[PDB]
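Only one structure is covered here, and it is reproduced in the block below.
Reminder, nothing fancy here: chain letters follow the sequence lines and each chain counts from 1. Every heavy atom of this structure was used, including side-chain atoms; hydrogens, water molecules and symmetry mates were not.
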Amino acid sequence: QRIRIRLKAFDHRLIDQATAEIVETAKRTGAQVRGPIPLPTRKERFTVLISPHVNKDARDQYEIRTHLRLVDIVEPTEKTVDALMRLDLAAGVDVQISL
Amino acid sequence: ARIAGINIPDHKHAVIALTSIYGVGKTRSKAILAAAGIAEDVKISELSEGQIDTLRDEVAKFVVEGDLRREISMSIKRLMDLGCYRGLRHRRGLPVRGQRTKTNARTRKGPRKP
Amino acid sequence: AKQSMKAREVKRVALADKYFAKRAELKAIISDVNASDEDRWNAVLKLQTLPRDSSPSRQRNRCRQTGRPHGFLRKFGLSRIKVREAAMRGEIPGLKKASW
Amino acid sequence: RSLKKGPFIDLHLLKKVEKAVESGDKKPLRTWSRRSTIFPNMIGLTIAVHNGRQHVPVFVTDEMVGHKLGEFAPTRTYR
Amino acid sequence: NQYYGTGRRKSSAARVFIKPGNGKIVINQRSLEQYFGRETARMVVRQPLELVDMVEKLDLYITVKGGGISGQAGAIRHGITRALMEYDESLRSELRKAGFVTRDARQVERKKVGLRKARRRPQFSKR
Amino acid sequence: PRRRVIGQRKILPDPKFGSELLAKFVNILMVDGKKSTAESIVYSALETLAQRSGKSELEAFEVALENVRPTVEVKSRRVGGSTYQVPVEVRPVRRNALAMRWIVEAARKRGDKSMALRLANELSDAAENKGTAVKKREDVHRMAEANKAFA
RNA sequence: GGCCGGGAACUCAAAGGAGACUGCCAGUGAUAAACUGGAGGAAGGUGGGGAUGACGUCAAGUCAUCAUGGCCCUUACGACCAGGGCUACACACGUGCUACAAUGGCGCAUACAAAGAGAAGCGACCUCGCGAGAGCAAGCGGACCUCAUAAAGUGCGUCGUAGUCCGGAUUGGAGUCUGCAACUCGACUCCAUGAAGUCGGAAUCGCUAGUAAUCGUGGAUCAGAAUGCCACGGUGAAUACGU
């Protein structure tokens, strides 16, 4: 069949680490993979007032950025699928696997 | 040409000219001319007596002029006599649909009085 | 905020959770076309006997640390003041000051 | 207000109205429900509507049908 | 053979492919007169060739997306200049002095807090 | 300004003809960033004008300008508590700019049917030495001559 | 028809790198620091825009976000409830929106964007209604589906300087939706009515370039309620002799 992995994070160095790890663990268990593809980043913005009373100018502006990567595995086997399902990653990455 | 008790212009297109009646707008004008069977861009000075009579027949299907005025006046008088909130607004001369009266309201109040 | 306003909010959310399904049923009855035309009257007359506080539109979003009824943000559950405090201390992952 | 819903009325008011009409005579009936439509079976009665401080008595007639009870008890004082 | 150029302006990107012979222009599967119905836009797209006498010697196949009318026209002009330089490599001096080699780095300024626009302030009163 | 040197912006030439003067005329005529409308108006007016005089549009335009270009103007000075009108010479770019501004201002004040018609009538009157533009030029020269003692 | 087999070249997406420093040439200058011109180059001298606010001043603002010394009330200055008010109206001031028209109003039909939001959410195709909407129902936790059709522009007709085929306050009658519930006091639709106003006295405000002016688009709060606030692109000027 074909396996798909989608990875989300707030920090790009962390996301690159996780991606490299998955690619290597797939390549050592005998499968073909199509390299990670960078996808559009999401920028969410907020704007608040910074005084406890009247003053109406004098605001602050904040952002959150969301980084996203996609990896495709074309020809899997039982050993590889177990190898993926038996892997752990950092405490700030979100992983979705689709069959 | 006399239509409903009044004289309508002669150098105007028909759809504009028929609007001079108290009770007829652009939508009703278009509808009437469609029922009569005449183009909307024909001057009233290029019509015939039979065509004008057809238009009179069309216009006769609505409520216009004195009858309409009496209807509206009775509608207002009913509230004024009943004495509800809207009636009191009517017989004091202030807005009836809940608008602000701290400023503005000059169409119901008239120019300022020092 | 006073200590009784928060109590009002807790009571509201509780009752709204309790009576959720009954109201949806009655409202589907009243909305549905081709009804007996007396079942409609009955459902309308019964929907107003339930407690007023059981409607989801009697609830007010408040700050989870102070109780402020103004300046609420939905992504965070907090008001502008406490959002800024936590952001500068470093307690909101991924958030930082922006320019462009 | 949508016609597919019909008018609105309060249940306690409706029950009191039925009792009064079927039993005949009645002294003024006190009501805080200013949001209720006036139905044809109310004609002839005296309903006292709240306005904030007092109860204003209204003697219902036949031209009031389809009004809300609150329109016959104004809420502000101006001279 | 083909010669290629990329052009950019305000928010627009243009791909230009040029070949030899029988001067004819096609843009987004249409003709110049069908696409640009403004004499200014047409003159802009035509300028570099009138400058270097090759109006009736090259076929042009163009694509463009983003922006409006003027932005697209300018992007096309820049792309043509680049493709021509690739083709010959000795027209660079003349095109430079004309001024078509530079990229125009003008963008829309952002809106700012407390103003009504980028630079426009509300109305002030002393009393 | 106080400590500045400002260079000259470049202006594209007109598409139909090839003159920068006509481009500046279009610019002075435009409103709200609508260059197409201004170009339509100017081209139509010059078309209807070329006939009335049997010469090229450019020649008609130049002859119209040469009767409205000014030479001397008056500035205001106040150092002794009183206002004095001091005559000064005008330089070429300002000559052209003032002529164009006055022509358009006079045109907008007429009472014909279309803006192109008003513009064409004004240009013809100027070539014949009549109209508000020439009146304005004469008034400026009169004021400058009446104050020659303060040169 | 990127529809299909394919291609990895080009747009574009997003990670590592290169580049701009008075570095090179000529003139002036205290055998200086610097200044004024020129070459190459996408860009030249702080390339353009943000963030970044010294010691202090005004007993400046906020005990009603919160925290806190002192005073004050405890069958009440503390609880709970249904109705009303914060929306009043002789009048004065600040900030805005729409206009007073032919560089325009109305009818037909046709190019070209950017940035965002979405599970008690965003709601296609189809049918019914003149319309606001209603019924049935796919897809999507999204470079894939939906919101979602840019408008000013261009082409062809008509109006002909009139308080108008300009403007759209006010008021009558009939409806739709959210919501236990729209009298006081909601938004939107349809037929009808068609006010002031023809460019504004003494004063007075913003703006030096992709700026002013002008045209449309999105989001936060939010059951419903923007002409306000925070963001995005299109067309695109005039002028700076001088202190």
key: ring-ring contact (aromatic ring centres under 6.0 Å, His included) partners for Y85(B), two or more places apart   = none

Rounded distance in Å between the [atom1] positions of [N] and [M]:
N	M	atom1	result
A90(G)	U103(G)	P	46 Å
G163(G)	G157(G)	P	30 Å
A220(G)	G121(G)	P	15 Å

ask   = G175(G) base to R1(D) side chain: any donor-acceptor pair below 3.5 Å?
value = yes

key: Base pairing of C35(G) with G27(G) (Watson-Crick or G-U, both distances under 3.5 Å)   = yes

key: Output field: Watson-Crick/G-U pair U74(G) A82(G), thresh under 3.5 Å   = no

[N]: north vs south, judged on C1'-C2'-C3'-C4':
N	value
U171(G)	north
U31(G)	south
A182(G)	south

ask   = Counting only side-chain N and O atoms of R45(A), is one of them less than 4.0 Å from OP1 or OP2 of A117(G)?
value = no

request  = Please check if any side-chain donor atom of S36(F) sits under 3.5 Å from a side-chain acceptor atom of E39(F), or the reverse.
outcome  = no

ask   = Any ion pair linking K117(E) and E109(E) (charged N to carboxylate O, less than 4.0 Å)?
value = no

All N/O pairs under 3.5 Å across the protein-nucleotides 58-66 of chain G interface:
residue : atom : partner : partner atom : Å
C66(G)  : OP1  : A1(C)   : N            : 2.7

key: Most 5' of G70(D) and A13(E) on RNA chain G, judged by nearest nucleotide   = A13(E)

